[PDB]
Every structure is written in structure tokens, then in C-alpha cells.
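Everything below concerns the one structure shown next.
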Amino acid sequence: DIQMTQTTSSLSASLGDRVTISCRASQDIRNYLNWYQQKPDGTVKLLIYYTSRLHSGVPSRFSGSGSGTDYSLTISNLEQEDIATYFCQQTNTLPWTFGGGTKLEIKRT
Amino acid sequence: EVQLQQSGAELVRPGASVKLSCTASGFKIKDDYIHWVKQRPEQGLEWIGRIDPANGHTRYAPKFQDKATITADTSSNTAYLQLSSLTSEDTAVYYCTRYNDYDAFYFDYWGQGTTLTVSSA
Amino acid sequence: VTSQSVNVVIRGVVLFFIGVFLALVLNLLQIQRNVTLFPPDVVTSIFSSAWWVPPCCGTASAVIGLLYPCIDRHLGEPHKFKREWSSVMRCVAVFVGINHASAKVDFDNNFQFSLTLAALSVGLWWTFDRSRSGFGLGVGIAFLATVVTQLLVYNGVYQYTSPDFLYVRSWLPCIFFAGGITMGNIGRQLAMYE
Amino acid sequence: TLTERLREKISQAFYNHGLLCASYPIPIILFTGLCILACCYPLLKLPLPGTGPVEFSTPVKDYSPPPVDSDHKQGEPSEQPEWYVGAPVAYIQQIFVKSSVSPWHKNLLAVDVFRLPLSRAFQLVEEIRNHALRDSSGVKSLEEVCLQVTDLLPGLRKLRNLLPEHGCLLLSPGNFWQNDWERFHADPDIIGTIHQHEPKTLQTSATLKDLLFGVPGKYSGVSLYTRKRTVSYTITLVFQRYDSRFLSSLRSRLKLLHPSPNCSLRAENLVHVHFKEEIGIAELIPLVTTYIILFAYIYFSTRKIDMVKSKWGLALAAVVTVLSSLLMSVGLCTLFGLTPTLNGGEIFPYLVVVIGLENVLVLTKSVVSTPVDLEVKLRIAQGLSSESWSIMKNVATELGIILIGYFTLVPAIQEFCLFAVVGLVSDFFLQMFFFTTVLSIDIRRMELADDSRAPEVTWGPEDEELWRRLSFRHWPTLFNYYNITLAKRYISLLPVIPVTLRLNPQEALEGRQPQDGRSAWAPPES
Ligand SMILES: *[C@@H]1O[C@H](CO)[C@@H](O[C@@H]2O[C@H](CO)[C@@H](O)[C@H](O)[C@H]2NC(C)=O)[C@H](O)[C@H]1NC(C)=O
Ligand SMILES: CC(C)CCC[C@@H](C)[C@H]1CC[C@H]2[C@@H]3CC=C4C[C@@H](O)CC[C@]4(C)[C@H]3CC[C@]12C
Ligand SMILES: CC(C)CCC[C@@H](C)[C@H]1CC[C@H]2[C@@H]3CC=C4C[C@@H](O)CC[C@]4(C)[C@H]3CC[C@]12C
Ligand SMILES: CC(C)CCC[C@@H](C)[C@H]1CC[C@H]2[C@@H]3CC=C4C[C@@H](O)CC[C@]4(C)[C@H]3CC[C@]12C
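The listed protein sequences correspond, in order, to chains A, D, R and V. Just so you know, the numbering used here puts the end of the first sequence at 109, numbered straight through with nothing missing. Just so you know, the numbering used here puts the end of the second sequence at 230, numbered straight through with nothing missing. Just so you know, the numbering used here puts the end of the third sequence at 424, numbered straight through with nothing missing. Just so you know, the numbering used here puts the end of the fourth sequence at 950, numbered straight through with nothing missing.
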């Protein structure tokens, strides 16, 4: 029943910059929010679980924070391999719901 | 080390049934649940359901309670998702997934995804 | 002045001590079939079950072991079959073994006790003392002394034992006869020694 | 009639073989020595000497309760001990809660060392009790798996409200205040109420504080404040059933709530602990009494003899004869096709007194009464002719009763009598050969002669397996309070779940109650 909303569908950012991604839960989810990165190739990888725990092999460049209904994901310096789409998933109520997803891109002109 | 190889792309006329497959390499499916995730091009990721291969207990989302059935076979180390009465709304990529931690419930390892298309053609 | 007076008291006190010690051991031997979750200490073994059974049984042993070596002398022809005291040690060993068995053996409570107990008792009799007068004395004392206390505990006023109830419905008479033949034999061996 | 003819025949045979017995002093004793070993010794290795495994380790990778009666006979090379058969009484889960504080300062008091960690105990217990699987196939919550207990034993009224009842068996330091944080906060003597029931002297049974803390006393003493340490306790969970999914979920939830840095606990194997039936001294007094009765009997059987050369030789020979006969018989019982599972320890003295020494003793009298002075074969011949039919009748009389003894339906008596018959026949053979040979050699020889940093939390290999540093009566005392026995059964100990708490010294200063520097309790003899 819980709906996760990512208002910023697209977030243009330059290489080497710090990028923040935020999604809002319809209700309190008790710090149960995981972040997934889907490459344009279609592969899906897990970045952050619980609310800020780094998964094995994920670079320390990625970090997360938040509580209650507001959560955020931060990237220290945007790399070329970090140009993908990111989803946030809640694991508080059994019908797990994913976010709308946000896509990153590089600045032009 | 741990991989979840999936079947190939599928194209089936509407009204029939499709049985997608997921083979697990690097681990035994008795240890963890197996999940199926549907991703339409713009509707975003959706949760279909899961099965416990060691017990056979399955649970689905209310949307897919009747549309989808999930089965697994321990001996072949594979899990199957079957869709019945295919309709044009089912054109999406389907991901086979497990999870390791049983409190955080994070989908640690994902399959490559199988594109499924339904049309009269 | 006379030897009888200065020896009867010694025999009686030694037999009383032996009887009370043997009964103290046998109380544990027959009671330890089950134990509480918390085991007790060694000191509590004294006066473990009954308040006044040690002295009464000890004085009964003393009186029986002084009377038994006297009936034969009154009749004549004292005992000569098992003069050696090692036979008496065998007697007491068999007595404690019988008590141990009755503590931790189980047979058919009907139609088997009357065979096994009687057979072992008569076997002990002719193994240790073939005195026919001794057998008559043992038979005439055993059940006669058992029945009065059995009726007393069956009446319900002093019913301190549940599993006995009616007389001639337990293994006690055989053990009582075995004790009757062990005591008395001990006393006559001591009397013939001194 | 035939009686005198049979007597003459048996006496003639006895006289004839006596010369043969005396003719070979060394060969016959060598034969006896060889046969004693050959008949019984090689199969004596099979019985267990008495030692056995008490702790069994099972990997947590895949665990199922052992089968109870799947096999009529257990496999020989199987590693599973004889007690590791049925389901365990309960599964014990320990949650070791270590803690530390930010930089120590002088304003902290001794009561803070107890107040700061135990404050979170109520919250931790509440989290454990309310934990549930959000996505489960089998069990859901702690209620369906916990070992329910109704009430304590009668006479333990003093422990009411200090031990759980009418609910899951969960032990924690919060039991001192009945898991009421308001009561704990309002309590003005934390150390006093913790050590209220502490015995003034050493006691074998587990202390109530030890039971509730689940930790050896060196980690929970008041003296830690001198070393700037902090009290560490353990929330104990007792499980009637095992659910790997639920246990893993509980561990993961606790690790998420209170992550423990630099923790490398293996959590690899279960431990099964089997508790034997403890035998008190009450069951031992008859045993030593009958042993000393046996010693008195054998001593009185001896000392009734006079030897031409020795004074204790043939008596020792007779004792060796009976001992070796019974040792041969207890082993040959297996070859007879009968169960050797009898206890033996209490059987031995009654067996010896039943076998007796009259037959061996009576042989010596005529032999030493033989009037022959020089010849030894002669002395053997007349002595054995005199003893003829006597030992025969003695042995026959002693053995006839045993058949009727085992003709009854009692299994233990039947086993005793089956041992007794073979013991008696082996004793007869051995006294017929070895004793006569040794007395022959004795007769032969006779005539021939004539700054100030608070220590950090560590999770080394000593925190794991901490239960084995508890009192040896810890678990039996805990289960006995609820009328649950471990005498014939075993328990399984799951790996400990580490929990680490970080504490703020400013918290103690803010919650500093008046008169906190004094307490009625004082560490005795320390
Ligand atoms: C404590 O447990 C024992 C068993 O260990 C109970 O004893 C049983 O009692 C019932 C009647 O209440 C008998 O039918 C059984 O034969 C007894 N079994 C044994 C082994 O003694 C005892 O009743 C329990 N007591 C309490 C207060 O719970
Ligand atoms: C000596 C004469 C009187 C006959 C022998 C009787 C004596 C020696 C024997 C025979 C019966 C025996 C008793 C039989 C049963 C019990 C109940 C149990 O708690 C063990 C002790 C006790 C109380 C025994 C003590 C010794 C005893 C009294
Ligand atoms: C020499 C004789 C005549 C004197 C009296 C003998 C005494 C010692 C005997 C006779 C009757 C016996 C009692 C008869 C019945 C019972 C009940 C049984 O469950 C335990 C032993 C007990 C309690 C016996 C104890 C010993 C006893 C009191
Ligand atoms: C006719 C006469 C000589 C026969 C005497 C037989 C006696 C000595 C035998 C026959 C039955 C035997 C008992 C049978 C069973 C048990 C139980 C066991 O746990 C200890 C030994 C014990 C207690 C035995 C002791 C000796 C015993 C009492």
C-alpha cells in the first residue's frame, strides 16, 4: 500500500560533482529503504540496504541517509559508470514497493 | 560467484501461457527465497511474488494473486514463473531475484531479465 | 560373678549395634529407588525415613539373637553345621543382597512371590543352618510378628505405609524371615566364640 | 547298589588324574595362563571402559533433530553418541550485550556502571519479544517457538516476580524490576536490589543473579568501576523448537539495531550438552558396605589354613582363582549368546559370595594332612583320594539352586544366575588345575628346602563459548525451578548473538539521583 515517490525523474549533473537523490514514502517505514542501480544495459545492482548500510563490493562513493518518510542517496563524485537509473525500495510492509526511479545525465551547453 | 541465469526472450500471442525459467548458479535454492520482479518501460518496477523452495510456500502481490504462479524444483536448482491469459499489459522485462538477509529483505543478486512481448503479429 | 550375666549383656549390646547399623544401611538401600531433583547430604541418612524404627528393630535383633542361641541349649545338641564365622558373613551378605534385590527387582506381584521368596528362604535355611527346630522357630516368629504390625498399619490410625495394606500381599515376610535367620545365627556364633 | 560302584569309579578317576596333575608343574600352569587369556581377553576390548563424549558439535549449515528409533541397532562407526538420539529438551540462545562509554571522567559513580547498560535491557527485551517475520513461510513471532512455562516449583514463593512465569522463558536483568522501566528508574538502590538475594557463602546451586545475568560473575562484579569497565549481561532465550529462518532473522534484526564493529564471531556450530544422572552418596553407602562385607568374608575364608612352606600363598591363589574365573565368565557370557549389559559394579561382590571358597578351602586340609614326608606325587594322591566326591558334592549342591533361581521370570535374576553357573564351572576347572599345581610345587619345594582510556569492546574468541565458564549446575538449576528434568536428556546451545551498546557519560550526569554514592550492599571478602 505504501507508495514511494521520486519527484525528480531526471537529475542532470557533471562528472566529479556530488549528486543527491531523494524519495518520499507515503508513511513511516522505520529506516527500511534499499537503493538499487539499474544500468542502461538492463542489469540491476544493489547499492544500499537498511537505510545507510553499504553492500559488499559497493564503492564508498555511495552513501545514504534519512529517517521517517524522507530518505536520500548521495554520490561523492559522479563517475561515468555511475550514469544510470536509481530506484528506492521499502521493506517495511510486505507488498514491497519500488520508487518511480530517477535517471542521471551530464550537463550540456 | 553467485549468478541467476534466466531464459531467453519470448514472443507469444495473447491468451496463451508463458513459463519463464530461472537457473541458480553458485548456490542452492533451498537456502533462500526466489522472487520475480516485473518492470514495464515506464510504470517502474513491480513485485510479483516469491516461493520458498525448501517448503513450497508461495506469496504474491494482490495484483498478481491470480495472474501469476511461481514454482521451483530443488533438484534442477531452477524456479519457474508462469503467466496465464497473457494480455498486452504484460509486455515487460521480468527479473528473477533472491535475498540473503532475512530482516533487511534486500534483493542482493538479480538475474539478467527476460523480455516478454505479446501481440497478434 | 557368673559368666552368663557378664556375657549376655555384651552379646545383646553388640547385636543391638549390628542390627541398628544394618537397618540404617537397609533404609537407604530400599528408599533410594527414587531421589528428589536436589540430592541430599550424607548427614541426613541418619533417621532418614522413620523416627523410631532404628531402636525398635535393634532391640528386636538383640532379643532374637539372644533367644535363638538359648532354645537349642534348652533342647540340647547345640549347632555344629556352620561353626565358622565366615558362614555368618555369607549370611549377612546374602541378607543385604536380598534387601537390595527387593529394592530394585520387579516380578509378577501375583503367583510368583510365593514361589521365589519361599524357595530362596528355604534354600538359605538349609544352606546356613539345617536346624529343624530353628526352621520351626523362624516360621513361628516371622509371620506372627509381621501380622500384628500389618493389622496395625491396615487399621488406618497408624497407616504410615500405602503399598502394603493387607497382609500376605507383599515381599516383607521373606525378608523378615531372612533377617530372623541371619540374626540369631550371628548371636550363636558369637556365643560359641566366647 | 550303583552308588558305591559310582563312588569307587569316580574315586579311581580322581586318584588316577591326581598323579598327572602333579606330574607337570610348569606345563599345566602355562596351559591355565594361556587359556585364561584365550577364552575371554580378546573380546574384553569391545566393552566401553567408561569414558565417553559429553559434548557434541553439529554444524549450523543444515540441522535436523536426530532420529529416535529409526534403527533397531545403532551403527558401530557412527559418531553420534548414545544419548544424542531424541529431540533436545530446549534450544538456548544467548545474546551477549557488551557495552562501553565515551571518554571516562571522574564524575561517574559505581552505580552508573550498572545503571547505564541495564537501562537499555528493557528496550532490548521488548524488541526481542515484539520481533516478527515480515515475510515468512513457517513461524512468525517468538510466541510460536518459545518454551512456555506455567509456574515455579512449590516452596519457591520467594522467587515470585523475579523469574518469568505464565509466559515465554526469557531471562534478563530486567527481571529484577519485572521489566518495568519506571520501577527501575524509581529504584534508589540498583546494586542493592541486584545483590538482594546474593548468598553470604558459596553455594553449589546457581545464584539468582547469575541466572538472570547469564554471565560469569567476573564480567558483572561491582569492581569493574575501578578498572573503568562496564557491566555486561546476557538476555537468555529458551526455545522449544528450532527455526533457522526465525533465528537468522532475529540475529539480523539485532545486528541492524545495534551493530557491533570489529566483530568476527564464527557462529558455525551448535553445541549439544548431555547431563548425566548424578548419583549421590545415599546410593553409595550400601555399595561400599557390601564391598567391605566381601573383604571380611574373603579374609575369614583365609586365615583358617596352615601351609607347609608359606602363610598366605595358596590363600592368594584361591582369591586369584575366583577373580579370574569371574573375569572369564563375564566375557564368555557374550559367547554364550546372552546380554552382558548388566551393571557389574554391584553384581561383583554378591557373585563372589555366591561362588564361595568352600570347595577350594576343603582341598587343602587333606593335602596338608597327608602323612607322606618325602614324595610329592604320593601326597597329592592320598590327599586327592581323601577329598574325592567331597568337592564334587559341594559344587553340585551350590550349582543346583542356581537353576531353580533362574527358572523364574525375573530378567536380572536370570542374568545373575547365568553368570553364576559359568563362574562356578570355571572356578571348578581352575581349582582342579591351577590350585593343585601350585600346591604341588609348594610341596615339592618344602621337602627340598628341608590516558585512562576506557577499554573498547572486543569480540575475540573468548566471548564465544562463554557458557562453559558458568557454574556446572547453571542449566539444571534453571530448569528444575519449572519442574523440568535434564537427568536423561540433553540441551542444544545456539551460537551467541553479539550486541554492542555505545553510551554517553553525560547521560549518567543528567540522571544523577541524590544519595547515589551509598548503598547497603558491600562486596564481602573482597
Ligand atoms: C513435576 O513433574 C513430575 C514428572 O517429572 C510430575 O510427576 C508426575 O505426576 C503425575 C501426577 O501429577 C503422575 O501421573 C506421573 O506418574 C508423575 N511422573 C513422575 C516421573 O513422577 C509431578 O506431578 C510434577 N509436579 C508439579 C507440581 O508440576
Ligand atoms: C531380627 C528379627 C526381628 C527379624 C529381622 C527383621 C529386620 C532385621 C529387617 C526385616 C524387615 C526389614 C525392614 C523391611 C522394610 C523396610 C522399609 C525401608 O525403609 C527399608 C528399611 C525397612 C524398615 C527394613 C529394616 C530392616 C528390617 C526391619
Ligand atoms: C522380635 C519381634 C517379635 C519384635 C518386633 C519386630 C519389629 C522390629 C518388626 C516387626 C514388624 C515390622 C514392621 C512391619 C511392617 C512394616 C511396613 C513396611 O513398609 C516397612 C517396615 C515395617 C515398618 C516393619 C518394621 C520392623 C517391624 C516393626
Ligand atoms: C538358595 C540361596 C543361597 C540363593 C541366594 C541368591 C542370592 C544371593 C542372589 C539371587 C538374586 C540376586 C540379586 C539379583 C539382582 C540384584 C539387583 C542388582 O542391581 C544388584 C544385585 C542383586 C541385588 C542380586 C544380589 C544377589 C542375589 C540376592
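The C-beta atom is built at its ideal place from N, Cα and C for all residues, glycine as well.
Is there contact between the stretch 564-580 of chain V and the stretch 657-677 of chain V, where contact requires at least three CB pairs shorter than 8 Å?
yes
Quick check on R:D271: buried or exposed, where buried means 16 or more other Cβ atoms within 10 Å of its Cβ?
exposed
Can you look up V:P885 in the DSSP assignment and give me helix, strand or coil?
coil
Label V:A462 either buried or exposed according to how many other C-beta atoms from any shown protein chain fall within 10 Å of its C-beta, with 16 as the threshold for buried.
exposed
By the 8 Å beta-carbon criterion, what residues does the stretch 712-726 of chain V contribute toward chain R?
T713, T714, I717, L718, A720, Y721, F724, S725
On a CA-only basis, which of D:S116, D:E110, D:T167, D:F214 is nearest D:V127? Give me that one, please.
D:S116
If I follow the unbroken beta strand (DSSP E) through D:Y189, where does it start and stop?
187-192
Where V:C757 falls: helix, strand or coil (DSSP)
helix
A:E105 and A:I75 look like a contact to me (Cβ under 8 Å); what is the Cβ gap, rounded to whole Å?
Their Cβ separation, rounded to whole angstroms, is 14 Å, which puts A:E105 and A:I75 out of contact at 8 Å.
Can you say whether D:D161 is buried or exposed, counting buried as having 16 or more other CB atoms within 10 angstroms of its CB?
buried
Any beta carbon from chain D within less than 7 Å of A:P95's own beta carbon?
yes
Work out the CA separation of V:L775 and V:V819 for me, nearest whole Å.
15 Å
Alpha-carbon to alpha-carbon, V:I826 and V:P835:
14 Å
Mind listing, in chain order, the continuous beta strand (DSSP E) runs of no fewer than 3 residues lying wholly within the stretch 496-559 of chain V?
515-525
Taking only heavy atoms of ligand 2 into account, decide whether any of them is closer than 6 Å to the Cβ of V:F858.
no
Measuring only the C-alpha atoms, how far is V:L833 from V:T758?
21 Å
Cβ separation of D:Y211 and V:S684, assumed to be a contact under 8 Å, to the nearest whole Å
That pair is no contact at about 18 Å.
If contacts are defined as beta-carbon pairs under 8 Å, then R:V255 and V:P710 qualify, I think. What distance do you get, rounded to the angstrom?
6 Å
Beta-carbon of D:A177 versus every beta-carbon of chain A: anything under 7 Å?
no
Ranges of the beta strand (DSSP E) found wholly within the stretch 327-406 of chain R, counting only runs of at least 3:
none
Looking at ligand 4, does it come within less than 6 Å of V:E839, judged from the CB to the closest heavy atom?
no
Rounded C-alpha distance that separates V:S524 from V:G935
18 Å
Ligand 2 and R:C404: does the residue's C-beta get closer than 6 Å to at least one heavy atom of that ligand?
no
Counting only beta-carbon atoms, is D:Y215 nearer than 7 Å to chain A?
yes
Just to confirm, does V:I709 get its C-beta within under 6 Å of one of the non-hydrogen atoms of ligand 2?
no
Spatial distance of V:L533 from V:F896 (CA atoms):
34 Å
Kindly provide the ranges of any alpha helix (DSSP H) runs that are 4 or more residues long and lie completely inside the stretch 852-901 of chain V, ordered along the chain.
860-873
With a threshold of 6 Å (Cβ to nearest heavy atom), would V:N907 be considered close to ligand 1?
yes
Please compile the residues from chain A whose C-beta is within a distance smaller than 9 Å of the C-beta of V:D559.
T91, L94, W96
Is it right to say R:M319 is buried, meaning 16 or more other beta carbons lie within 10 angstroms of its own, or is it exposed?
buried
Residue interval of the alpha helix (DSSP H) (run including D:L129):
From DSSP, D:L129 is part of no alpha helix (DSSP H) but of the beta strand (DSSP E) over 127-134.
Considering just the uninterrupted stretch of the beta strand (DSSP E) at A:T20, what are its terminal residues?
19-25
Which complete alpha helix (DSSP H) runs does the stretch 716-759 of chain V hold, if anything under 4 residues is left out?
737-759
At the 7 Å Cβ level, is D:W145 part of the contact set with chain A, yes or no?
no
What are the boundary residues of the alpha helix (DSSP H) that V:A610 is part of?
605-610
Applying a beta-carbon distance threshold of less than 8 Å, which residues of chain D neighbour A:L104?
What A:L104 touches in chain D: nothing, since even the nearest Cβ is about 16 Å away.
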